[PDB]
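Structure 1 and structure 2, given next as structure tokens, are two forms of the same protein chain, each shown alone.
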Structure 1
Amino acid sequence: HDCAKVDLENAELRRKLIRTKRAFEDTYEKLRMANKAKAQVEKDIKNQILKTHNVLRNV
């Protein structure tokens, strides 16, 4: 048994295990931001139609 190496390996595994989770969280939020972005798009076009309609109402 290598007491120095096993403590070092556990520190390496724990450190990297944390690196892995935070990478996913970033991705999760990134996907979360992307989906909400395309959600807005459907409403933006609907909004644009209303404006254009209101513009042509003024006649």
Structure 2
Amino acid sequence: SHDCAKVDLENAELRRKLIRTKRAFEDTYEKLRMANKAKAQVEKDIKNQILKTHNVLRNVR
């Protein structure tokens, strides 16, 4: 069959790697989510500035 010690060590190592990789993915994902929210707000404010600017320009003519 297998080597008991070897698969135990691989098991512990895979659990450690999965904890590290999970934390890294949850952190990168969280930063991505914050960036998406900030994206929404900035796009709203930009749209507002575009509308003000075009109202000014159109009402100049």
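Only residues modelled in both forms are compared. Along the sequence of structure 1, residues get numbers from 1 upward. Definition used throughout: the rigid core is the maximal C-alpha set that superposes within 1.5 Å between two forms.
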- Rigid core fitted, then: does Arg19 show a CA shift of 2 angstroms or greater between the two structures? no
- Task: Note yes or no: does the Cα of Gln48 move by 2 Å or more between the two structures after the core is superposed?
- Result: yes
- Rigid-core-superposed Cα shift at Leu8 between the two structures, Å: 2.7
- Query: Lining up the core, where do at least three residues in a row all have CA moves of 2 Å or more between the two structures?
  - Reply: 1 to 9, 42 to 59
